[PDB]
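For reference, the structure discussed in these notes is given below.
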Amino acid sequence: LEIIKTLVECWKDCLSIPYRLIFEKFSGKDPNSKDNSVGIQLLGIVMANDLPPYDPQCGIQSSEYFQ
């Protein structure tokens with residue numbers, strides 16, 4: 001996570017932040033799995049910078065994403 005944080009923070013120039021894999025990280029079910037933690041932490045990293053969440057024209061409708 002630290003490596004990725006510095007990677008994103010340093011190259012804020014040509015990095016198309018990819019969703020539709022962060023999404024599946026926190027789009028889990030089965031409330032007995034610490035598996036959406038990775039997606040939450042990745043979104044927290046991307047939000048630690050000034051990077052907009054969900055960058056609309058990259059996939060899923062905002063409704064399902066944020067739900």
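Chain labels follow the order of the structure tokens: the first chain is A, the next B, and so on; residue numbering restarts at 1 in every chain, and ligands are counted from 1 in their shown order.
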Do you know which residues are at most 7 Å from segment 6-23 of chain A counting only C-alpha atoms, after dropping those on the same chain fewer than 3 positions away, and could you put them as a PyMOL selection string?
chain A and resi 2-3+26-27+39+42+49+54+59+65
Please determine, counting only C-alpha atoms, which residue among A:66, A:30, A:5, A:24 has the shortest atom-to-atom distance to residue 47 of chain A.
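The answer is A:5, which sits nearest to residue 47 of chain A.
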Identify all residues of chain A in alpha helix (DSSP H) (DSSP on the backbone) and supply them as a PyMOL selection string.
chain A and resi 2-10+22-26+37-48+62-66
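Interatomic distance, atom CA of residue 1 of chain A against atom CA of residue 37 of chain A: 11.9 Å.
Picture a line from atom CA of residue 29 of chain A to atom CA of residue 67 of chain A; it runs 12.8 Å.
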Report, in Å to a single decimal, how far apart atom CA of residue 4 of chain A and atom CA of residue 41 of chain A are.
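Between these atoms lies a distance of 11.0 Å.
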